[PDB]
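Working notes, structure below.
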Amino acid sequence: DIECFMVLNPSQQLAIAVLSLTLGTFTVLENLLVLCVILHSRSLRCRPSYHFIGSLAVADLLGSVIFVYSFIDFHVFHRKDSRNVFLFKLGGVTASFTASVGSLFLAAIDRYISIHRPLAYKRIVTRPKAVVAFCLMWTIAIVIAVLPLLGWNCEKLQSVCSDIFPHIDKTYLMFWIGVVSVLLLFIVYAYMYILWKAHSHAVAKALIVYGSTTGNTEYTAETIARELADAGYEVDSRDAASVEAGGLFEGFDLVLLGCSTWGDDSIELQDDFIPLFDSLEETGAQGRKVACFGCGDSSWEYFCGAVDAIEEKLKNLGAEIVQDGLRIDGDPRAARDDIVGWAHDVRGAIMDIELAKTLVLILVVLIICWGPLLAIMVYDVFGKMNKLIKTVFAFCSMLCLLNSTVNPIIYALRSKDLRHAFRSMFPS
Ligand SMILES: Cc1cc2nc3c(=O)[nH]c(=O)nc-3n(C[C@H](O)[C@H](O)[C@H](O)COP(=O)(O)O)c2cc1C
Ligand SMILES: CC(C)CCC[C@@H](C)[C@H]1CC[C@H]2[C@@H]3CC=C4C[C@@H](O)CC[C@]4(C)[C@H]3CC[C@]12C
Ligand SMILES: CC1=CC[C@@H]2[C@@H](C1)c1c(O)cc(C(C)(C)CCCCCCBr)cc1OC2(C)C
């Protein structure tokens with residue numbers, strides 16, 4: 001019975017008509033304009049491809065037109081269609097909107113690969129490869145929407161029918177959910193991965209291993225760490241007496257070695273610093289930015305010779321010395337300006353927030369639009385559908401149009417080349 005699938009409340013039909021026609025027309029005119037500026041940009045600029053932006057516009061323009069027409073016709077006009085004709089109209093909507101998420105899926109792959117393997121990115125993502133991928137992605141989407149027409153429906157299969165969608169075997173619906181859920185979850189994973197990855201590299205991490213006996217070099221390290229705390233470093237200052245040599249510097253943009261000079265007859269390192277000094281090769285110092293500091297006294301012939309021995313092994317082990325050592329004579333509290341001045345100099349030698357906002361918005365948009373829609377379908381596969389939920393679905397089906405309306409704003413508007421191409425269409 002076709003009439004069981006219809007929102008029949010006249011007040012509800014009107015709201016369905018208002019939202020559908022308003023959003024659909026804005027969506028049609030938006031993506032139409034995007035396609036217009038794509039083709040004008042290709043007239044004057046050879047370099048920007050617009051593969052993702054163009055594909056998404058075609059998918060949304062086609063989908064909104066087929067949807068809004070069939071949707072208004074079915075719910076407001078109560079078209080009783082032959083089974084196959086209805087599946088045909090459903091097929092267009094399914095292919096276009098499945099193509100829309102596939103386009104978002106391929107763009108997500110492009111960005112994920114850029115972050116995951118930035119050097120190899122120029123080999124794996126090529127203009128010839130992208131053309132083939134988008135062509136195949138579109139083809140798969142059409143084939144997925146043609147099976148009910150070919151006979152993957154409940155009437156020919158003699159199986160349970162969907163309560164949400166007329167003439168739809170539940171197994172086909174469950175299959176279609178799994179395809180879209182995998183695409184959507186990867187898009188979620190990719191961008192969540194990118195946010196995590198960017199967050200770690202945002203703030204630099206500093207590592208101060210200090211060896212002091214009477215607390216002088218500790219006071220220097222603590223005075224140094226406080227200056228780096230103001231600049232927004234993630235400082236971990238460790239007494240040398242309690243450290244693991246292996247991988248000690250792992251994951252640090254900057255390492256600071258503060259040792260005291262303690263030679264009675266000849267130069268000697270501070271005792272707690274000595275086991276760490278012997279195991280420098282194990283610390284993975286090679287290729288790391290390091291600076292040295294230390295306390296001492298001018299009365300002794302070798303002024304801060306400990307800072308000399310360390311830098312000589314670090315420069316030999318391959319760590320890049322950012323600056324020459326910091327050498328203090330007498331109480332460091334007297335030279336506090338020289339200490340804090342040093343931090344600034346060594347700090348001197350060496351987030352993409354706007355991007356971060358955009359990625360979160362997409363995920364918020366995606367979760368808001370596809371989430372509730374798919375969940376109701378999951379219900380229909382397993383449980384029983386009452387009139388209330390059917391009604392909710394009709395209004396939730398409108399959520400997809402919204403996604404089609406904001407997509408030009410999210411991506412096309414954000415493209416620098418497109419804005420230059422739009423301005424190009426004016427006399428100047
Ligand atoms: C036996 C002895 C030997 C020292 N030898 C040196 C030295 O060779 N070169 C130097 O600059 N200072 C030398 N000093 C001075 C110390 O490095 C000074 O006290 C330093 O500030 C200790 O600070 P700390 O508490 O951080 O270890 C020596 C001090 C002592 C008691
Ligand atoms: C309405 C649905 C069911 C059928 C759609 C048929 C036509 C419109 C489809 C089939 C193949 C599709 C093309 C396949 C490849 C791409 C490359 C992409 O970077 C821009 C879109 C573009 C050029 C597609 C445009 C739309 C397209 C030509
Ligand atoms: C009852 C009913 C009659 C007209 C239907 C209408 C449902 C409908 C709908 O409610 C939701 C969707 C979407 C936008 C949510 C896509 C659903 C894709 C499902 C794929 C697996 Br069956 C498509 C839409 O297509 C038409 C033909 C207008």
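In the structure tokens, chains take the letters A, B, ... in the order shown, each chain's residues start at 1, and ligands count up from 1 in the order shown.
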6 Å shell around ligand 2 using only C-alpha atoms and all ligand atoms, listed as number ranges by chain: A: 51-52, 54-55, 92, 95-96, 134-135, 138, 142
Quick one: residues within 9 Å of residue 164 of chain A, only C-alpha atoms counted, chain neighbours fewer than 5 positions away excluded, as an NGL selection string? :A and (5 or 376-377 or 380 or 385 or 389-390 or 393)
Would you write out those residues with N, CA, C and O atoms, as a short mmCIF file (atom, residue, chain, number, x, y, z; two decimals), in the first residue's frame?
```
data_model
loop_
_atom_site.label_atom_id
_atom_site.label_comp_id
_atom_site.auth_asym_id
_atom_site.auth_seq_id
_atom_site.Cartn_x
_atom_site.Cartn_y
_atom_site.Cartn_z
N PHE A 5 3.20 5.30 3.22
CA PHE A 5 4.52 5.92 3.25
C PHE A 5 4.46 7.44 3.13
O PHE A 5 5.51 8.07 2.92
N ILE A 376 17.80 6.30 11.67
CA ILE A 376 16.41 5.91 11.44
C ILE A 376 16.34 4.75 10.46
O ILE A 376 15.52 3.84 10.60
N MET A 377 17.19 4.77 9.43
CA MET A 377 17.24 3.66 8.49
C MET A 377 17.69 2.38 9.17
O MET A 377 17.12 1.31 8.93
N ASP A 380 14.76 0.89 10.73
CA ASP A 380 13.87 0.22 9.78
C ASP A 380 14.39 -1.16 9.42
O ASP A 380 13.60 -2.10 9.23
N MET A 385 8.50 0.25 12.45
CA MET A 385 8.33 1.68 12.23
C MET A 385 6.89 2.08 12.49
O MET A 385 5.97 1.50 11.90
N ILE A 389 7.85 7.97 13.55
CA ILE A 389 9.22 7.90 13.05
C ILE A 389 9.25 8.13 11.55
O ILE A 389 10.13 8.85 11.04
N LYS A 390 8.32 7.52 10.81
CA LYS A 390 8.17 7.83 9.39
C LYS A 390 8.11 9.33 9.17
O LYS A 390 8.79 9.88 8.29
N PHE A 393 11.40 11.00 9.68
CA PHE A 393 12.32 10.73 8.57
C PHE A 393 12.09 11.70 7.42
O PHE A 393 13.06 12.19 6.82
#
```
As a ChimeraX atom specification, please: every protein or nucleic acid residue near ligand 3 (cut-off 6 Å, counting only C-alpha atoms and all ligand atoms). /A:5,67,70-71,74,89-90,93-94,164-165,173,176,394,397,400
DSSP-assigned strand (DSSP E) members of segment 109-298 of chain A, reported as a PyMOL selection string: chain A and resi 205-211+234-239+254-259+289-296
Taking only C-alpha atoms and all ligand atoms and a cut-off of 9 Å, can you tell me which residues surround ligand 1, written as a PyMOL selection string? chain A and resi 210-220+258-270+294-306+327-332
Tell me, which residues of segment 2-249 of chain A carry DSSP alpha helix (DSSP H), written as an MDAnalysis selection string? chainID A and resid 10:44 51:75 83:116 121:124 127:144 147:150 154:157 170:202 216:230
Proximity to residue 72 of chain A - best of A:28, A:18, A:387, A:56, only C-alpha atoms: A:18
Using only C-alpha atoms, determine which residues lie at most 8 Å from segment 345-352 of chain A, disregarding the query and same-chain residues fewer than 3 positions distant; provide the list as a count of residues only. 12
Considering only C-alpha atoms, give me a table of residues in segment 111-216 of chain A that are at most 8 Å from segment 251-255 of chain A, with the closest atom pair and distance in Å for each, as CSV.
```
residue,atom,partner,partner_atom,distance
A:204,CA,A:253,CA,6.0
A:205,CA,A:252,CA,5.2
A:206,CA,A:254,CA,5.0
A:207,CA,A:255,CA,4.6
A:208,CA,A:255,CA,5.9
A:209,CA,A:255,CA,7.8
```
Applying 9 Å and only C-alpha atoms, which residues near residue 127 of chain A remain after dropping the ones on its own chain fewer than 3 positions away? List them as a PyMOL selection string. chain A and resi 49+51+130-132
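Atom to atom, atom CA of residue 185 of chain A and atom CA of residue 137 of chain A stand 17.1 Å apart.
Across A:8, A:146, A:225, A:53, the tightest approach to residue 411 of chain A is made by A:53 when counting only C-alpha atoms.
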Please compute the atom CA of residue 98 of chain A-atom CA of residue 404 of chain A distance, one decimal, in Å.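 We find that atom CA of residue 98 of chain A and atom CA of residue 404 of chain A lie 12.2 Å from each other.
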Write out as number ranges by chain the residues lying within 12 Å of residue 247 of chain A, counting only C-alpha atoms and excluding same-chain residues fewer than 5 positions away. A: 252, 276, 279-286
Can I get the selected residues back with N, CA and C atoms, as an mmCIF file, in the first residue's frame?
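Final file, selection_9.cif:
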```
data_model
loop_
_atom_site.group_PDB
_atom_site.id
_atom_site.type_symbol
_atom_site.label_atom_id
_atom_site.label_comp_id
_atom_site.auth_asym_id
_atom_site.auth_seq_id
_atom_site.Cartn_x
_atom_site.Cartn_y
_atom_site.Cartn_z
ATOM 1 N N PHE A 252 61.669 15.783 21.239
ATOM 2 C CA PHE A 252 61.897 17.132 21.742
ATOM 3 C C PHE A 252 62.459 18.010 20.633
ATOM 4 N N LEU A 276 74.831 10.000 32.532
ATOM 5 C CA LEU A 276 74.188 10.498 31.322
ATOM 6 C C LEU A 276 75.224 10.889 30.274
ATOM 7 N N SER A 279 76.563 7.952 28.282
ATOM 8 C CA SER A 279 75.579 7.288 27.437
ATOM 9 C C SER A 279 74.971 8.225 26.401
ATOM 10 N N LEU A 280 75.709 9.259 25.979
ATOM 11 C CA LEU A 280 75.145 10.237 25.050
ATOM 12 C C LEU A 280 74.721 9.589 23.736
ATOM 13 N N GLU A 281 75.523 8.647 23.226
ATOM 14 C CA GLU A 281 75.163 7.966 21.985
ATOM 15 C C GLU A 281 73.786 7.322 22.088
ATOM 16 N N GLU A 282 73.436 6.812 23.271
ATOM 17 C CA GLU A 282 72.156 6.140 23.451
ATOM 18 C C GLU A 282 70.981 7.110 23.477
ATOM 19 N N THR A 283 71.224 8.384 23.775
ATOM 20 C CA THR A 283 70.158 9.372 23.889
ATOM 21 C C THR A 283 69.596 9.807 22.542
ATOM 22 N N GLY A 284 70.170 9.347 21.435
ATOM 23 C CA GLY A 284 69.718 9.797 20.129
ATOM 24 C C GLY A 284 69.909 11.284 19.913
ATOM 25 N N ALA A 285 71.059 11.817 20.330
ATOM 26 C CA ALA A 285 71.312 13.247 20.206
ATOM 27 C C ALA A 285 71.463 13.692 18.758
ATOM 28 N N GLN A 286 71.738 12.765 17.842
ATOM 29 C CA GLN A 286 72.069 13.131 16.472
ATOM 30 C C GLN A 286 70.911 13.859 15.798
#
```
Which one is closest to residue 148 of chain A: A:339, A:85, A:57, A:109? Count only C-alpha atoms.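 Checking each of A:339, A:85, A:57, A:109 against residue 148 of chain A, counting only C-alpha atoms, the winner is A:85.
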